[PDB]
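Report on one structure; see the data block that follows.
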There are 2 protein chains.
Amino acid sequence: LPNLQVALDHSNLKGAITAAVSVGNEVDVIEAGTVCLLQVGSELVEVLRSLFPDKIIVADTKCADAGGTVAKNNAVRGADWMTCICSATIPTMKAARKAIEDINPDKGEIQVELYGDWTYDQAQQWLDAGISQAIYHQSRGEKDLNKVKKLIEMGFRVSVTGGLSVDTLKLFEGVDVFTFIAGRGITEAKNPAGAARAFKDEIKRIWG
Amino acid sequence: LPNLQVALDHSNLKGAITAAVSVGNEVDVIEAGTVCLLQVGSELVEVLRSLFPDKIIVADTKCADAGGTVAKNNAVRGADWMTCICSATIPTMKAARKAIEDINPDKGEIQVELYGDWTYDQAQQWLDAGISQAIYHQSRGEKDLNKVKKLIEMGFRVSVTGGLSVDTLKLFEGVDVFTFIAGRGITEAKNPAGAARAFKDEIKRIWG
Ligand SMILES: O=C(CO)[C@H](O)[C@H](O)COP(=O)(O)O
């Protein structure tokens, strides 16, 4: 079944912790968003790990460089997955993958954040480098779905994000989407917990 | 004259503050580096601003998205310049620019961090969005030097960085480099304050 993921893009610590706590049990994956990490730093990751010793935890660093160092700094905090921006060189991605695998051999992975003009040849390089997650951001239609389908076809576990709603999941019917990332659709609600069960309920209806 | 900038890429706050305090008067620009911000959050910017009321301070966020939030978050902390990764979309770069100018009308600017396969038509797009700084990274030679000249010639103030020794500023002679960014050559020297002087002295012979 497609994972439900919550992205915490709050500009402060309390916002991220409060949303995480109110939706934690309704979701599969918890993501410390980039906006948030740039504000509060990496301790946030260790807090999420303590609150959710079993959840999958994402450190959304959008790493462009010093991959071994950034990957390491977040892995010691308890992160399972870290994002690298697609414009990171292959050596950066491999340095990052190596480090998250050393600290976290259980679950350590890199996910590629897809921004601007990337290519399928680049996509093949990521795969050849041991990296098979990619995150596809909804365009700001069929042009998007085809990109998602092709990335799946190539061997990626594909996460999709960018304005989602409990009612716009059926648009992905028959697609092997690995993870749905909901941010604001949950992190403003309320009964965010219920909003999140809603999302998870729809996924169940459509993929069960 | 070409600026000298130190990149604070430490994985902890004490490392960033110590290096800044010890080399700050030797440099023209102080940069809170991505690795560091991802660790300690944006308060670092505020304490640098407090330590150096007049210096130019860089928040190296390599923002890929939510440009308005990330630029504001760092501008209210006192940042003068903020990096966006070259794969961020134009609207993202515009939102970032508008936020930083809104809070820092005097010195507020965006810098484009060049990673991966960017184009001169992307480059031109940045200029049209009112953004005129780029930061070019040495590759892991003539090919590099030539890219810098072309960027200067389009109307960017180009910053150059990547394993810069002082002994390697000579190969840029007669090139209108706007800023040289030194990280480890300053921050891991055995005389950091001396190393920084070596750098800006060498720059003083060659240019001006
Ligand atoms: O910070 C970086 C990562 O984006 C640059 O590589 C750094 O600014 C250059 O530092 P050094 O002189 O140690 O290569």
Side-chain angles (χ1 to χ4, degrees), chain A residues 34 37-38 61-73 83-93 95-96 99, chain B residues 2-12 15-16 19-20 23 26-40 44-45 48 56-64 70 74 79 81-88 110-116 118 133-141 144 147-148 158-169 171-172 177-190 192 195-196 198-200 202-203:
Chain A
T34 318
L37 296 165
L38 291 169
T61 63
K62 281 175 184 43
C63 188
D65 217 344
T69 290
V70 171
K72 184 191 189 190
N73 286 344
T83 61
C84 282
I85 188 93
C86 55
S87 26
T89 70
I90 305 289
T92 293
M93 298 202 176
Chain B
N3 286 145
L4 175 67
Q5 168 172 334
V6 63
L8 309 170
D9 285 349
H10 305 78
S11 279
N12 61 39
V23 308
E26 309 301 306
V27 297
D28 309 290
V29 186
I30 289 158
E31 170 179 3
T34 313
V35 170
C36 199
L37 292 168
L38 291 168
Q39 279 289 88
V40 301
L44 173 57
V45 170
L48 293 163
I56 301 158
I57 285 158
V58 177
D60 193 20
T61 57
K62 287 178 175 58
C63 173
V70 188
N74 289 268
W81 302 337
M82 198 197 70
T83 57
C84 285
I85 192 83
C86 55
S87 33
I110 302 298
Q111 311 185 294
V112 186
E113 284 274 13
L114 301 170
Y115 276 87
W118 54 273
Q133 299 201 49
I135 292 144
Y136 181 94
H137 299 248
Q138 253 62 356
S139 310
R140 305 127 204 236
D144 294 329
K147 291 170 173 299
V148 178
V158 184
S159 291
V160 308
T161 193
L164 274 166
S165 141
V166 30
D167 240 290
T168 77
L169 313 186
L171 70 103
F172 279 104
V177 176
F178 170 70
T179 292
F180 293 91
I181 302 172
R184 280 171 310 237
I186 289 178
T187 56
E188 274 170 18
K190 10 99 92 72
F199 270 100
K200 71 139 180 302
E202 178 63 336
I203 294 159

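Both ligands and their constituent atoms are indexed starting at 1 by order of listing. We name chains A, B, ... by the order of the sequence lines, and we start the count at 1 in each one.
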When you measure from atom 2 (C) of ligand 1 to every protein heavy atom, which one gives the shortest distance, and what is it?
-> B:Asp9 OD2, 3.8 Å
May I ask whether B:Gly185 places a heavy atom under 4.0 Å from ligand 1?
-> no
Pick out which of B:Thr161, B:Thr34, B:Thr61, B:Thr83 makes a side-chain contact (heavy atoms from CB on, under 4.5 Å) with B:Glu113.
-> B:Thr83
A:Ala88 and A:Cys63 have their tightest heavy-atom pair at CB-O, 3.7 Å
Passing candidate, side-chain contact (heavy atoms from CB on, under 4.5 Å) with B:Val58, options B:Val6, B:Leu8, B:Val29 | B:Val29
Do the side chain of B:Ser159 and the main chain of B:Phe180 share a donor and acceptor less than 3.5 angstrom apart?
-> no
Which of the ligand 1 atoms, numbered from 1, are nearer than 4.0 Å to a heavy atom of B:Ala7 | 8 (O)
Any heavy atom of B:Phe180 sitting closer than 4.0 Å to ligand 1?
-> no
For B:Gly183, does its backbone N or O pair with a side-chain atom of B:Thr187 as donor and acceptor, under 3.5 Å?
-> yes
Can you tell me if B:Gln39 uses its side chain to pair, donor with acceptor, with the backbone of B:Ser11 under 3.5 Å?
-> yes
Which residue and heavy atom of the protein sit nearest atom 12 (O) of ligand 1, plus the separation | B:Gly183 N, 3.0 Å
Looking only at non-hydrogen atoms, which of B:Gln138, B:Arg184, B:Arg140, B:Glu113 approaches atom 6 (O) of ligand 1 most closely?
-> B:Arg140
Does B:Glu31 come within less than 4.0 Å of ligand 1, judged by its heavy atoms?
-> no
Do any N/O atoms on B:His137 end up under 3.5 angstrom from N/O atoms on ligand 1?
-> no
Subset of ligand 1 atoms that lie under 4.0 Å from at least one heavy atom of B:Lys62 | 4 (O)
Note: B:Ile110 and B:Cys84 closest approach over all heavy atoms is CG2-SG, 3.7 Å
Quick one: nearest non-hydrogen protein atom to atom 8 (O) of ligand 1, plus distance?
-> B:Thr161 OG1, 3.4 Å
For A:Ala71 and A:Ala96, work out which heavy atoms get closest and say how close.
-> CB-O, 3.3 Å
Run the numbers for me: atoms of ligand 1, each under 4.0 Å from some heavy atom of A:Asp65, listed by number.
-> 3 (C), 4 (O)
Look at atom 14 (O) of ligand 1 and say which protein heavy atom is nearest, naming residue and atom and giving the distance to 0.1 Å.
-> B:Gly163 N, 2.9 Å
